[PDB]
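Values in this text are rule-based calculations from the coordinates and carry no lab data. Cβ placement follows ideal geometry from the backbone for every residue including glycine, while neighbour counts extend to all protein chains displayed.
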Amino acid sequence: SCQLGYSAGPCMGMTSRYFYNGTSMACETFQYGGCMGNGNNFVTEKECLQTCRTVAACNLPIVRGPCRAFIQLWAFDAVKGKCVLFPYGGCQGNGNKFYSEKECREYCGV
Ligand SMILES: *[C@@H]1O[C@H](CO)[C@@H](O)[C@H](O)[C@H]1NC(C)=O
């Protein structure tokens, strides 16, 4: 699924949904029609990421993004070689974002 491109489906009940973009290694949004899609369709970026993220995300930059609904999440600091805490803005981030220190450790080593 994570490998599949997004699918809006034939319906017209447009909604914003998340799909994992393996090129950007980021979950992004798309307008889903309400019926007939594929598995690369998530309601939250959390789900999308915990489902589709890979270890290549450990090499990605720590992105706060442009939004201000700040939440403190974990991310891997490649320079220090450790999982650090940062405030994610709520939108347009990438895969190097974990929802627990443990998860960050599990993905990027310890
Ligand atoms: C997936 O991400 C890449 C890199 O950001 C981008 O070029 C491409 O347009 C994205 N795919 C879609 C369907 O937006």
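With +1 assigned to the C-beta of every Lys and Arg and -1 to the C-beta of every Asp and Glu, and no other charges, what is the dipole magnitude of the chain about the Cα centre in debye, to the nearest 20?
Values: 10 positive and 7 negative charges, 46 e Å.
Result for the chain is approximately 220 debye, rounded to the nearest 20.
Tell me which residues come under 5 Å, amide H to amide H, from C91 once H is placed; ignore anything under 5 positions away on its chain.
Counting only residues 5 or more places away or on other chains, the set is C67.
Per the helix-only calculation at 222 nm, which mean residue ellipticity applies to the chain, given -39500 (n - 2.57) for every DSSP H run of n ≥ 4 and division by its residues, nearest 500 deg cm²/dmol? If you can, show how the numbers build up before the last one.
On the way: 2 runs with 16 residues, N = 110.
That calculation yields -4000 deg cm²/dmol at 222 nm.
Using 7 Å Cα-to-Cβ label points, what is the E101/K80 separation (nm, one decimal)?
Modelled inter-label distance: 1.1 nm.
Which whole-number percent gives the relative contact order of the chain, counting Cα pairs below 8 Å spaced six or more residues apart?
On the way: 238 pairs, mean separation 24.9, N = 110.
Here the relative contact order equals 23 percent.
Taking a temperature of 20 °C and a viscosity of 1.002 mPa s, what whole-number D in µm²/s does Stokes-Einstein yield for the chain with Rh from Kirkwood over alpha carbon pairs?
On the way: Rh = 14.4 Å.
Roughly 149 µm²/s, to the nearest whole number.
With the crude spin-label approximation of a point 7 Å out along Cα→Cβ, what separation in nm comes out for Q72 versus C2?
It works out to 2.8 nm between the two label points.
Suppose the chain between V110 and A56 were pulled fully straight at 0.36 nm per residue; how much longer would it get relative to their current alpha carbon spacing? Walk me through the numbers before you get to the answer.
Numbers: separation 54, 0.36 × 54 = 19.44 nm, distance 1.56 nm.
Once the chain is fully extended between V110 and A56, it gains 17.9 nm.
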